[PDB]
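Participant: got an experimental structure here, sequence first:
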Amino acid sequence: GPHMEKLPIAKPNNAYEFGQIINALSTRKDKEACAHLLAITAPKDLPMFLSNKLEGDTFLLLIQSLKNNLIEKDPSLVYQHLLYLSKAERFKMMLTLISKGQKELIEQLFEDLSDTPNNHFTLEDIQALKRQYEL
């Protein structure tokens, strides 16, 4: 990960802005600046941004950003980001291009949410939504 300073983030207004920030972080491998991007992004806007500007590495970046950073800030925002991410179309191509040992990271994402009892979601809601990820 680069020692040279991080590029500053203003919120994504539209799919190209979301994609152009994210692809810069996929260039730096930045999970922590990606975590700031989810801390400012809405789950409702997220699948509309991911429409055409969604790739294998940029999907995996946000997954590793969730199962490390956002789980310790708000696991219910992780749950809602994963809920609306399941509505994205190109999302379903990603789970086919990802290798089995890299797909396990998506399991560890839900395994950390399973560990958290929460005022916004339940295990019943987890085990229902994870089905859209075929885990």
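Facilitator: Structure's in. What do you need? Numbering: from 1, shown residues only.

Participant: centroid residue for this protein?
Facilitator: residue 62 (3.6 Å; CA atoms, centre = their mean).

Participant: mind listing what it touches?
Facilitator: 22, 34, 38, 81, 85 (CB atoms under 8 Å, 6 or more residues apart in numbering). All C-beta atoms are positioned from the backbone trio N, CA, C, and that covers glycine.

Participant: same check, this time on residue 88
Facilitator: Contacts of residue 88 (CB under 8 Å, 6+ apart): 46-47, 50-51, 54.

Participant: three-state assignment of it?
Facilitator: Secondary structure, DSSP: H, G, I helix; E, B strand; the rest coil: residue 88 is coil.

Participant: would you mind measuring from it to residue 59?
Facilitator: Per CB to CB, to the nearest Å, residue 88 is found 9 Å from residue 59.

Participant: again with residue 72
Facilitator: 21 Å.

Participant: looking at the two now, which is surrounded by more residues?
Facilitator: residue 59 (22 against 10; other CB atoms under 10 Å).

Participant: does the more buried one count as helix, strand or coil?
Facilitator: helix.

Participant: nearest residue to it in space, please, no chain neighbours.
Facilitator: residue 94 (4.3 Å; CB to CB, 6 or more residues apart in numbering).

Participant: neighbours of that neighbour, just the number please.
Facilitator: 21.

Participant: with just CA atoms, put the helix or strand harbouring it into PDB.
Facilitator: Assigned by DSSP states H and E, residue 94 belongs to helix 91-97. What follows is helix 91-97 as a C-alpha-only set of coordinates in PDB (Å, rounded to 0.1, in the frame of the first residue of the first chain):
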ATOM      1  CA  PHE A  91     -22.700  -8.100  -8.900                       C
ATOM      2  CA  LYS A  92     -23.800 -11.600 -10.000                       C
ATOM      3  CA  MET A  93     -21.000 -11.800 -12.600                       C
ATOM      4  CA  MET A  94     -18.400 -11.000  -9.800                       C
ATOM      5  CA  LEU A  95     -19.100 -14.200  -7.800                       C
ATOM      6  CA  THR A  96     -18.300 -16.200 -11.000                       C
ATOM      7  CA  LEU A  97     -15.000 -14.500 -11.800                       C
END
